[PDB]
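Shown next, in structure tokens, is the structure this report addresses.
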Amino acid sequence: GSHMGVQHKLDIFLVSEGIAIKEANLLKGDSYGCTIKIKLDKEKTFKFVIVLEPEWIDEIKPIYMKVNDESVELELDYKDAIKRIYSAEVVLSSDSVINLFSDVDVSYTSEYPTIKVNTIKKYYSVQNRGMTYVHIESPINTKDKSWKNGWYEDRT
Ligand code: NI
């Protein structure tokens, strides 16, 4: 009746590493984010797709991205009544910290998941699940790749 609170749904995909970060959403609370720590010995482009299915309230907090504490613009690829899909590509050349946040309150951010991706050795882990039941799959499942195969038609 009242104990449910705000339950946002968040999934974060490293499409360029074939890593899905499934259900990084706080189990309860009007906030979303994730700290991804990257072990990297050479130059590579990382492509991020973030899928937000916000709780049915009518004031959705925007999501932001920092890379090594530098703000990076998220493209909004898709928005409807259900979900927002954002994307970014960035180049990194050494051990990096990706921060997705909606908030700066330590009382929110300390509850976001902390994820480790090791490109060198092809290792990942949940260092800290925060206040989430986050989990990971590699490769990404085709039935999660939601962003047509029947021949063309003459539109004048
Ligand atoms: Ni309740």
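Those letters in the sequence shown? Residues -2 to 144, 148 to 156, per PDB author numbering, in order.
Cβ coordinates follow ideal geometry from the N, Cα and C atoms, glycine included.
query	result
Separation of residue -2 from residue 14, as counted between CA atoms	41 Å
Straight-line Cα distance separating residue 69 from residue 33	14 Å
Within 9 Å, strictly: CB atoms of residue 37 and residue 105	no
Closest Cα partner of residue 3 within the set 17, 45, 54, 44	54
For residue 18 and residue 133, believed in contact at Cβ under 8 Å, the rounded distance	6 Å
Cut-off 7 Å between Cβ atoms - residues of its own chain near residue 11, not counting five sequence neighbours on either side	43, 45, 114
Cβ pair residue 129, residue 109 closer than 9 Å	yes
Distance between residue 66 and residue 30 (C-alpha atoms, nearest Å)	14 Å
Residue range of the alpha helix (DSSP H) that includes residue 105	103 to 106
Proximal residues to residue 121 (C-beta, below 8 Å), its chain only, five neighbours per side dropped	16, 112, 113, 114, 115, 133, 135
For residue 156 and residue 72, the rounded distance between their alpha carbons	32 Å
C-beta atoms of residue 96 and residue 64 nearer than 9 Å	yes
Completely contained alpha helix (DSSP H) runs for the segment 23 to 60, where each covers 4 or more residues	none
Backbone CA spacing between residue 1 and residue 28 [nearest angstrom]	15 Å
Delimiting residues of the beta strand (DSSP E) encompassing residue 132	132 to 134
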